[PDB]
């Protein structure tokens, strides 16, 4: 028997769960990675089959899990009717009230820390690994992710010190939104890249929010710009913006506009999704810096 400790206290899991609800946005990836097929998955975005993205889809096979959604909040009645022996909500934005409500249905694994959404991915992965008795296997999977990105650095020693920015694929009310240096950007550091500090003065929580008249100046501080774009229309809209259009990156073609899959892979930041980032992204960075 394993005992998981989290923000709301301890959860005792007597044996390996045969019925598992994934009540958060990204958890289905770590569960599938250790070959736990959830009976329910919670949709986030992308409108994927059964809310499982292409990298994890082969693991799903012919399984047809219920698809939940957080639009109105956690649907507990649906989770109750599914009658799970385990509920994983790390990423579901659980609070003290909703947790006890989930605990009534079955043992519930909540987030460990002050982040109700999107705690550091390794913490989420390790927690899931222990809960499903996959702990040794999960450790190997995490180590494999670090290996992949490190191998990119070794293959591209010239990239070291080059400045990059990781940006959302859409403007918010005319403003560029950058991912601040943190665990989310660690995969870029592993490749040897540095996050341009031009975004630091504009920091809000884990994101920089760039005023319009600061956009060109902030972008021009970077050698390569990675926009996480979910469709061709996202890219067109960004290139139509005069600040972005007049940036050095446009003239010098320093822009990387991700595919929906690539954006989703970054967004999920899982043991399954990150390997996709390590494969598909560096060839695009190579054409620019190279």
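Residue numbers count along the first chain shown, from 1.
Chemist: Looking only at CA atoms, which has the higher mean B factor in the entry: 249-257 or 43-51?
Modeler: Mean B over CA atoms: larger for 249-257.
Chemist: Comparing 109-117 with 182-190, where is the mean C-alpha B-factor higher?
Modeler: Result of the comparison: 109-117.
Chemist: Whose CA atom has the top B-factor in the entry, of 217, 74, 164, 141?
Modeler: Answer for 217, 74, 164, 141: 74, with the highest C-alpha B-factor.
Chemist: Can you tell me which of 198, 168, 124, 103 has the highest Cα temperature factor in the record?
Modeler: Comparing C-alpha B-factors across 198, 168, 124, 103, the maximum falls on 103.
Chemist: Against its chain's modelled residues, does residue 211's Cα B factor rank lowest, middle or highest third?
Modeler: Ranked within chain, residue 211 CA B lands in the lowest tercile.
Chemist: Name the third of the chain's ranked CA B-factors that contains residue 21, choosing lowest, middle or highest.
Modeler: For residue 21, whose C-alpha B-factor we compare with every modelled residue in the chain, the answer is the middle third.
Chemist: Among the modelled residues of its chain, does the C-alpha B-factor of residue 288 lie in the lowest, middle or highest third?
Modeler: Tercile = middle for this residue's CA B-factor.
Chemist: Determine, from the deposited record, the chain-internal third of the Cα B-factor for residue 27: lowest, middle or highest.
Modeler: Within its chain, residue 27 is a lowest-third residue by C-alpha B-factor, going by the deposited values.
Chemist: Within this chain, which third does the Cα B-factor at residue 264 fall in: lowest, middle or highest?
Modeler: For residue 264, whose C-alpha B-factor we compare with every modelled residue in the chain, the answer is the lowest third.
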